[PDB]
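Shown next, in structure tokens, is the structure this report addresses.
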There are 2 protein chains.
Amino acid sequence: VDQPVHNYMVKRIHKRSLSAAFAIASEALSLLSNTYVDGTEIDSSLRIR
Amino acid sequence: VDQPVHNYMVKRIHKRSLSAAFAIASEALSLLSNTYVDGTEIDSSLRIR
């Protein structure tokens with residue numbers, strides 16, 4: 001004679017990641033570090049670029 | 001980890017041409033360049049031709 005069964009299960013999460021890079025040039029940092037000092041009509045175009 | 005890439009290309013023009021010929025006989029030149037000397041009934045038909 002049989003009796004009904006109960007099954008008990010358990011699972012565990014798995015951790016992953018994503019990574020994306022982002023470069024910048026040396027002249028880009030040099031043009032982006034002004035701190036309200038420059039502003040001639042030739043450096044502004046390079047900063048905008 | 002990978003970082004985005006930009007590309008720059010430059011293409012130039014290339015020059016070609018077309019040529020087509022067109023001939024006029026010397027008799028037709030003598031007919032067309034009378035400079036107000038002809039005008040009879042038989043020169044007019046040759047000038048029209």
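Labels used: A, B, ... for chains in the order of the structure tokens, numbers from 1 for residues in each chain, and numbers from 1 for ligands as shown.
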
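Chains of identical sequence, chain B and chain A give a C-alpha root-mean-square deviation of 0.6 Å after superposition over all matched alpha carbons.
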
Give me, as a list in words, the residues of chain B touching chain A, with the criterion being at most 9 Å (counting only C-alpha atoms).
residues 1, 2, 3 and 4 of chain B

Write the residues of the preceding selection, restricted to C-alpha atoms, as a CSV table (one decimal), in the first residue's frame.
chain,number,residue,atom,x,y,z
B,1,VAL,CA,37.3,44.7,-22.0
B,2,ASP,CA,36.7,46.3,-25.4
B,3,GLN,CA,36.4,50.0,-26.3
B,4,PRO,CA,34.6,51.6,-29.2

Looking only at helix (DSSP H, G or I) from DSSP on the backbone, list the matching residues of chain B as a PyMOL selection string.
chain B and resi 26-32+43-48

Please provide the set of residues having any atom within 9 Å of stretch 30-33 of chain A, restricted to only C-alpha atoms, with same-chain residues fewer than 3 positions apart removed, written as a PyMOL selection string.
chain A and resi 25-27+36+43-44+46-47

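For the pair atom CA of residue B:35 and atom CA of residue B:49, the interatomic distance is 17.9 Å.
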
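Atom to atom, atom CA of residue B:5 and atom CA of residue A:16 stand 25.7 Å apart.
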
Quote the spacing between atom CA of residue B:34 and atom CA of residue B:48 in Å to one decimal place.
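Between atom CA of residue B:34 and atom CA of residue B:48 the gap is 13.8 Å.
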